[PDB]
$ cat target_20.txt   # compact mmCIF, N, CA and C atoms
# COMPACT_ATOMS: atom_id res chain seq x y z
N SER A 1856 16.24 6.56 -26.95
CA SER A 1856 16.94 5.46 -27.71
C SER A 1856 18.41 5.53 -27.31
N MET A 1857 19.26 4.75 -27.98
CA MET A 1857 20.69 4.72 -27.70
C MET A 1857 21.40 6.06 -27.65
N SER A 1858 22.02 6.35 -26.50
CA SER A 1858 22.64 7.67 -26.24
C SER A 1858 21.66 8.88 -26.34
N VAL A 1859 20.37 8.65 -26.13
CA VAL A 1859 19.38 9.73 -26.24
C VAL A 1859 18.40 9.57 -25.10
N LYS A 1860 18.64 10.32 -24.02
CA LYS A 1860 17.86 10.15 -22.80
C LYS A 1860 17.02 11.35 -22.45
N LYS A 1861 15.75 11.11 -22.07
CA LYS A 1861 14.94 12.11 -21.36
C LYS A 1861 15.67 12.55 -20.10
N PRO A 1862 15.41 13.77 -19.62
CA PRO A 1862 16.03 14.23 -18.35
C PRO A 1862 15.73 13.33 -17.10
N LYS A 1863 16.77 13.09 -16.26
CA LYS A 1863 16.64 12.19 -15.06
C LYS A 1863 15.65 12.74 -13.97
N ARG A 1864 14.39 12.26 -13.98
CA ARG A 1864 13.46 12.33 -12.80
C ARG A 1864 14.09 11.76 -11.48
N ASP A 1865 14.01 12.54 -10.39
CA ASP A 1865 14.70 12.17 -9.14
C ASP A 1865 13.83 11.10 -8.49
N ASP A 1866 14.35 9.88 -8.39
CA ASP A 1866 13.55 8.73 -7.90
C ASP A 1866 14.06 8.27 -6.55
N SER A 1867 14.99 9.03 -5.99
CA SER A 1867 15.72 8.60 -4.78
C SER A 1867 14.89 8.58 -3.48
N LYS A 1868 13.79 9.36 -3.45
CA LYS A 1868 12.83 9.36 -2.37
C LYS A 1868 11.60 8.47 -2.57
N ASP A 1869 11.57 7.72 -3.66
CA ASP A 1869 10.38 6.90 -3.97
C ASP A 1869 10.10 5.81 -2.91
N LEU A 1870 11.15 5.09 -2.55
CA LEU A 1870 11.10 4.03 -1.53
C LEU A 1870 10.47 4.51 -0.20
N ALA A 1871 10.95 5.63 0.30
CA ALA A 1871 10.44 6.23 1.50
C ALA A 1871 9.05 6.72 1.37
N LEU A 1872 8.76 7.36 0.26
CA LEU A 1872 7.39 7.85 0.03
C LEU A 1872 6.30 6.72 -0.14
N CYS A 1873 6.60 5.67 -0.93
CA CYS A 1873 5.70 4.48 -1.02
C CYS A 1873 5.46 3.83 0.39
N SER A 1874 6.54 3.70 1.18
CA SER A 1874 6.43 3.31 2.63
C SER A 1874 5.46 4.18 3.42
N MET A 1875 5.55 5.51 3.27
CA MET A 1875 4.65 6.38 3.97
C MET A 1875 3.20 6.16 3.53
N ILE A 1876 2.98 6.04 2.24
CA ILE A 1876 1.65 5.82 1.74
C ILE A 1876 1.09 4.50 2.26
N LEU A 1877 1.94 3.47 2.29
CA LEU A 1877 1.56 2.14 2.65
C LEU A 1877 1.17 2.20 4.17
N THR A 1878 1.95 2.94 4.97
CA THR A 1878 1.68 3.14 6.43
C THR A 1878 0.29 3.75 6.64
N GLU A 1879 -0.04 4.73 5.83
CA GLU A 1879 -1.30 5.43 5.86
C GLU A 1879 -2.43 4.47 5.48
N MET A 1880 -2.18 3.60 4.53
CA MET A 1880 -3.19 2.58 4.16
C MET A 1880 -3.38 1.53 5.24
N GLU A 1881 -2.28 1.07 5.82
CA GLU A 1881 -2.32 0.12 6.93
C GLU A 1881 -3.10 0.63 8.13
N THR A 1882 -3.04 1.93 8.40
CA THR A 1882 -3.64 2.50 9.58
C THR A 1882 -5.06 3.06 9.34
N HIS A 1883 -5.57 3.04 8.11
CA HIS A 1883 -6.94 3.43 7.83
C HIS A 1883 -7.92 2.43 8.49
N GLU A 1884 -9.02 2.97 9.00
CA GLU A 1884 -10.00 2.12 9.63
C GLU A 1884 -10.62 1.11 8.71
N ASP A 1885 -10.74 1.39 7.43
CA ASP A 1885 -11.24 0.40 6.52
C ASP A 1885 -10.17 -0.52 5.87
N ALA A 1886 -8.98 -0.58 6.42
CA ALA A 1886 -7.95 -1.51 5.95
C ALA A 1886 -8.17 -2.95 6.37
N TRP A 1887 -9.06 -3.21 7.35
CA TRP A 1887 -9.09 -4.54 7.95
C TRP A 1887 -9.26 -5.73 7.04
N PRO A 1888 -10.03 -5.62 5.89
CA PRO A 1888 -10.11 -6.79 5.03
C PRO A 1888 -8.84 -7.08 4.27
N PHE A 1889 -7.89 -6.11 4.28
CA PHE A 1889 -6.73 -6.13 3.41
C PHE A 1889 -5.38 -6.30 4.13
N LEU A 1890 -5.37 -6.42 5.48
CA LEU A 1890 -4.11 -6.37 6.22
C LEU A 1890 -3.27 -7.64 6.06
N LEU A 1891 -3.96 -8.78 5.91
CA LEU A 1891 -3.37 -10.08 5.84
C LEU A 1891 -3.84 -10.89 4.64
N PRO A 1892 -3.01 -11.86 4.16
CA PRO A 1892 -3.50 -12.76 3.13
C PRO A 1892 -4.85 -13.43 3.47
N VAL A 1893 -5.71 -13.51 2.47
CA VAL A 1893 -6.99 -14.23 2.60
C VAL A 1893 -6.65 -15.67 2.88
N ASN A 1894 -7.30 -16.24 3.89
CA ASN A 1894 -6.99 -17.62 4.30
C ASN A 1894 -7.64 -18.57 3.30
N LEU A 1895 -6.80 -19.19 2.51
CA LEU A 1895 -7.22 -19.97 1.36
C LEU A 1895 -7.82 -21.31 1.74
N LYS A 1896 -7.53 -21.80 2.95
CA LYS A 1896 -8.17 -23.00 3.50
C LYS A 1896 -9.57 -22.71 3.99
N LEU A 1897 -9.84 -21.48 4.42
CA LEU A 1897 -11.08 -21.16 5.06
C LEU A 1897 -12.07 -20.36 4.25
N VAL A 1898 -11.70 -19.87 3.07
CA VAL A 1898 -12.60 -19.05 2.28
C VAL A 1898 -12.80 -19.80 0.99
N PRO A 1899 -13.95 -20.51 0.89
CA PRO A 1899 -14.33 -21.22 -0.34
C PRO A 1899 -14.31 -20.32 -1.56
N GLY A 1900 -13.77 -20.82 -2.65
CA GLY A 1900 -13.80 -20.05 -3.91
C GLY A 1900 -12.51 -19.26 -4.15
N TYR A 1901 -11.88 -18.74 -3.08
CA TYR A 1901 -10.82 -17.71 -3.26
C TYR A 1901 -9.67 -18.18 -4.08
N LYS A 1902 -9.22 -19.39 -3.75
CA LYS A 1902 -8.04 -19.95 -4.34
C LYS A 1902 -8.23 -20.11 -5.84
N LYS A 1903 -9.40 -20.65 -6.25
CA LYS A 1903 -9.62 -20.93 -7.69
C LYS A 1903 -9.93 -19.66 -8.49
N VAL A 1904 -10.67 -18.77 -7.87
CA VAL A 1904 -11.15 -17.57 -8.54
C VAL A 1904 -10.08 -16.50 -8.60
N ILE A 1905 -9.30 -16.29 -7.54
CA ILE A 1905 -8.38 -15.06 -7.51
C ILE A 1905 -6.99 -15.55 -7.84
N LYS A 1906 -6.61 -15.34 -9.07
CA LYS A 1906 -5.36 -15.89 -9.59
C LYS A 1906 -4.07 -15.31 -8.95
N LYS A 1907 -4.14 -14.06 -8.51
CA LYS A 1907 -3.02 -13.41 -7.90
C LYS A 1907 -3.42 -12.71 -6.62
N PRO A 1908 -3.46 -13.43 -5.50
CA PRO A 1908 -3.80 -12.77 -4.27
C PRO A 1908 -2.79 -11.72 -3.90
N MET A 1909 -3.26 -10.67 -3.18
CA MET A 1909 -2.37 -9.64 -2.71
C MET A 1909 -3.05 -8.99 -1.50
N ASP A 1910 -2.22 -8.54 -0.55
CA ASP A 1910 -2.61 -7.86 0.62
C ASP A 1910 -1.49 -6.92 1.12
N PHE A 1911 -1.82 -6.04 2.08
CA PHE A 1911 -0.90 -5.01 2.53
C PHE A 1911 0.33 -5.61 3.16
N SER A 1912 0.20 -6.66 4.02
CA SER A 1912 1.38 -7.26 4.62
C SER A 1912 2.41 -7.83 3.63
N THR A 1913 1.92 -8.38 2.54
CA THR A 1913 2.69 -8.93 1.49
C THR A 1913 3.39 -7.80 0.71
N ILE A 1914 2.67 -6.71 0.47
CA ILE A 1914 3.26 -5.54 -0.16
C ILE A 1914 4.33 -4.97 0.77
N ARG A 1915 4.05 -4.92 2.09
CA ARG A 1915 5.02 -4.41 3.05
C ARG A 1915 6.34 -5.22 3.02
N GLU A 1916 6.25 -6.52 2.92
CA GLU A 1916 7.40 -7.38 2.92
C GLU A 1916 8.21 -7.21 1.57
N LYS A 1917 7.49 -7.24 0.43
CA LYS A 1917 8.07 -6.97 -0.88
C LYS A 1917 8.84 -5.60 -0.89
N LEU A 1918 8.26 -4.55 -0.33
CA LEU A 1918 8.86 -3.22 -0.31
C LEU A 1918 10.16 -3.23 0.51
N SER A 1919 10.08 -3.73 1.74
CA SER A 1919 11.16 -3.89 2.66
C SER A 1919 12.35 -4.73 2.23
N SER A 1920 12.16 -5.60 1.26
CA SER A 1920 13.14 -6.52 0.79
C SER A 1920 13.56 -6.28 -0.67
N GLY A 1921 13.27 -5.08 -1.21
CA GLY A 1921 13.72 -4.70 -2.58
C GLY A 1921 13.09 -5.49 -3.64
N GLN A 1922 11.84 -5.91 -3.47
CA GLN A 1922 11.21 -6.68 -4.57
C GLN A 1922 10.35 -5.83 -5.53
N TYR A 1923 10.25 -4.52 -5.23
CA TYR A 1923 9.72 -3.52 -6.25
C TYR A 1923 10.82 -2.82 -7.05
N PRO A 1924 10.90 -3.11 -8.36
CA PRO A 1924 11.93 -2.42 -9.12
C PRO A 1924 11.66 -0.92 -9.29
N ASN A 1925 10.41 -0.48 -9.26
CA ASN A 1925 10.12 0.94 -9.32
C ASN A 1925 8.73 1.24 -8.77
N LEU A 1926 8.38 2.52 -8.65
CA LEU A 1926 7.08 2.90 -8.04
C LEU A 1926 5.83 2.36 -8.82
N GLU A 1927 5.92 2.11 -10.14
CA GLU A 1927 4.81 1.55 -10.87
C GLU A 1927 4.48 0.09 -10.46
N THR A 1928 5.48 -0.74 -10.17
CA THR A 1928 5.23 -2.09 -9.85
C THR A 1928 4.57 -2.10 -8.43
N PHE A 1929 4.95 -1.14 -7.60
CA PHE A 1929 4.33 -0.97 -6.24
C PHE A 1929 2.83 -0.62 -6.38
N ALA A 1930 2.52 0.37 -7.22
CA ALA A 1930 1.12 0.79 -7.47
C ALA A 1930 0.29 -0.34 -8.10
N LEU A 1931 0.89 -1.16 -8.95
CA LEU A 1931 0.22 -2.34 -9.50
C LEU A 1931 -0.28 -3.35 -8.42
N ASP A 1932 0.57 -3.60 -7.44
CA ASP A 1932 0.21 -4.51 -6.33
C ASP A 1932 -0.86 -3.92 -5.42
N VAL A 1933 -0.79 -2.61 -5.11
CA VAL A 1933 -1.85 -1.94 -4.38
C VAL A 1933 -3.19 -2.04 -5.11
N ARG A 1934 -3.21 -1.69 -6.40
CA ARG A 1934 -4.43 -1.79 -7.17
C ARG A 1934 -4.97 -3.23 -7.25
N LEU A 1935 -4.08 -4.24 -7.33
CA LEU A 1935 -4.40 -5.63 -7.42
C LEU A 1935 -5.20 -6.01 -6.14
N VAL A 1936 -4.80 -5.41 -5.04
CA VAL A 1936 -5.57 -5.66 -3.79
C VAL A 1936 -7.09 -5.27 -4.04
N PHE A 1937 -7.35 -4.12 -4.69
CA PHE A 1937 -8.71 -3.61 -4.79
C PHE A 1937 -9.51 -4.22 -5.92
N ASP A 1938 -8.82 -4.50 -7.00
CA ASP A 1938 -9.33 -5.36 -8.07
C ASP A 1938 -9.73 -6.76 -7.65
N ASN A 1939 -8.94 -7.44 -6.82
CA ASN A 1939 -9.40 -8.72 -6.22
C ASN A 1939 -10.64 -8.55 -5.35
N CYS A 1940 -10.62 -7.52 -4.52
CA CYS A 1940 -11.78 -7.21 -3.70
C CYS A 1940 -13.05 -7.03 -4.53
N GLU A 1941 -12.97 -6.33 -5.67
CA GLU A 1941 -14.13 -6.14 -6.49
C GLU A 1941 -14.56 -7.42 -7.18
N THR A 1942 -13.61 -8.28 -7.54
CA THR A 1942 -13.92 -9.55 -8.16
C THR A 1942 -14.73 -10.50 -7.22
N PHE A 1943 -14.43 -10.49 -5.92
CA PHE A 1943 -14.99 -11.46 -5.01
C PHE A 1943 -16.15 -10.94 -4.14
N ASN A 1944 -16.33 -9.62 -4.09
CA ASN A 1944 -17.26 -9.01 -3.13
C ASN A 1944 -18.27 -8.12 -3.82
N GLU A 1945 -19.51 -8.20 -3.36
CA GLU A 1945 -20.55 -7.30 -3.86
C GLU A 1945 -20.17 -5.88 -3.36
N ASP A 1946 -20.38 -4.91 -4.25
CA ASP A 1946 -20.30 -3.47 -3.93
C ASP A 1946 -21.05 -3.07 -2.67
N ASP A 1947 -22.21 -3.66 -2.44
CA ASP A 1947 -23.06 -3.35 -1.29
C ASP A 1947 -22.82 -4.42 -0.21
N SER A 1948 -21.59 -4.47 0.28
CA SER A 1948 -21.23 -5.30 1.45
C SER A 1948 -20.24 -4.44 2.18
N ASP A 1949 -19.96 -4.74 3.44
CA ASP A 1949 -18.95 -4.00 4.13
C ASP A 1949 -17.57 -4.06 3.42
N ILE A 1950 -17.19 -5.21 2.89
CA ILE A 1950 -15.88 -5.39 2.29
C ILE A 1950 -15.79 -4.68 0.96
N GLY A 1951 -16.85 -4.81 0.16
CA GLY A 1951 -17.03 -4.14 -1.12
C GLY A 1951 -16.85 -2.65 -1.00
N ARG A 1952 -17.46 -2.08 0.01
CA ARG A 1952 -17.39 -0.68 0.30
C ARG A 1952 -15.99 -0.25 0.79
N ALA A 1953 -15.40 -1.07 1.65
CA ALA A 1953 -14.06 -0.85 2.14
C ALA A 1953 -13.05 -0.77 1.00
N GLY A 1954 -13.19 -1.64 0.02
CA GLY A 1954 -12.35 -1.68 -1.16
C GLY A 1954 -12.44 -0.44 -1.95
N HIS A 1955 -13.65 -0.03 -2.31
CA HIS A 1955 -13.89 1.28 -2.99
C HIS A 1955 -13.36 2.48 -2.26
N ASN A 1956 -13.50 2.55 -0.93
CA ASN A 1956 -12.96 3.62 -0.17
C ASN A 1956 -11.43 3.64 -0.11
N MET A 1957 -10.82 2.45 0.08
CA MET A 1957 -9.36 2.34 0.19
C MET A 1957 -8.69 2.72 -1.16
N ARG A 1958 -9.33 2.35 -2.23
CA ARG A 1958 -8.84 2.67 -3.57
C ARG A 1958 -8.81 4.20 -3.79
N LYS A 1959 -9.96 4.82 -3.49
CA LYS A 1959 -10.08 6.26 -3.53
C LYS A 1959 -9.03 6.95 -2.69
N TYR A 1960 -8.86 6.52 -1.44
CA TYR A 1960 -7.81 6.98 -0.58
C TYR A 1960 -6.39 6.81 -1.14
N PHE A 1961 -6.09 5.61 -1.67
CA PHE A 1961 -4.78 5.35 -2.26
C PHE A 1961 -4.49 6.34 -3.42
N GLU A 1962 -5.45 6.42 -4.32
CA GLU A 1962 -5.30 7.12 -5.58
C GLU A 1962 -5.08 8.63 -5.39
N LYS A 1963 -5.76 9.22 -4.41
CA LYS A 1963 -5.47 10.57 -4.04
C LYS A 1963 -4.05 10.75 -3.51
N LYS A 1964 -3.63 9.95 -2.53
CA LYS A 1964 -2.27 10.05 -2.02
C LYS A 1964 -1.25 9.85 -3.16
N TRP A 1965 -1.52 8.95 -4.10
CA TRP A 1965 -0.58 8.68 -5.19
C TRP A 1965 -0.39 9.92 -6.08
N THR A 1966 -1.50 10.51 -6.51
CA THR A 1966 -1.50 11.74 -7.27
C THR A 1966 -0.85 12.87 -6.51
N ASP A 1967 -1.25 13.14 -5.27
CA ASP A 1967 -0.63 14.22 -4.53
C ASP A 1967 0.84 14.03 -4.28
N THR A 1968 1.30 12.78 -4.13
CA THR A 1968 2.71 12.57 -3.85
C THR A 1968 3.62 12.63 -5.12
N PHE A 1969 3.12 12.13 -6.23
CA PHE A 1969 3.93 11.88 -7.45
C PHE A 1969 3.48 12.60 -8.78
N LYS A 1970 2.24 13.08 -8.91
CA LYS A 1970 1.76 13.68 -10.20
C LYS A 1970 1.59 15.22 -10.13

$ encode --input "target_20.txt" --output "structure tokens"
Amino acid sequence: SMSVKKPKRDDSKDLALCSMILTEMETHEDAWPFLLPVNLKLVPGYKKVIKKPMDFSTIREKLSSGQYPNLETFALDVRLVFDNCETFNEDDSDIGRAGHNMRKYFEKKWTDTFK
């Protein structure tokens, strides 16, 4: 509260560390469904069904241009990528599986880097 602060957690390496994690996600073999925005002209259903599209390139641009106020808003956009994937894709499809694997991969790196 006013004039009563928890001790300052060092957040000065967060930007660089989220970049590293994002690089690791971009270079994973199962990143391919997630590298670019879903083409809304060519994929029936996507536009109406997925209210907040997100992909790695868009996260990369947001990160690079100071559009994440902190590491939580960054993790929200990463998760949003996998939540959209689960909304639109059956678990037993190549994309469905890629989403589950990428999420697992993200979540481990997040814990090991920050928790």

$ residues_around --input "target_20.txt" --residues "residue 1918 (chain A)" --least-positions-apart "6" --cutoff "8 Å" --atoms "all atoms listed in the file" --output "list in words"
residues 1870, 1873, 1874, 1912 and 1929 of chain A

$ select_by_dssp --input "target_20.txt" --residues "region 1884-1970 of chain A" --states "helix (DSSP H, G or I)" --output "VMD selection string"
chain A and resid 1884 to 1889 1901 to 1904 1911 to 1919 1926 to 1943 1949 to 1969

$ residues_around --input "target_20.txt" --residues "region 1938-1954 of chain A" --least-positions-apart "4" --cutoff "7 Å" --atoms "all atoms listed in the file" --output "list in words"
residues 1885, 1886, 1888, 1905, 1933, 1934, 1958 and 1959 of chain A

$ atom_distance --input "target_20.txt" --atom1 "atom N of residue 1871 (chain A)" --atom2 "CA of residue 1919 (chain A)"
9.8 Å

$ atom_distance --input "target_20.txt" --atom1 "CA of residue 1909 (chain A)" --atom2 "atom N of residue 1936 (chain A)"
5.4 Å

$ atom_distance --input "target_20.txt" --atom1 "atom C of residue 1893 (chain A)" --atom2 "CA of residue 1961 (chain A)"
21.7 Å
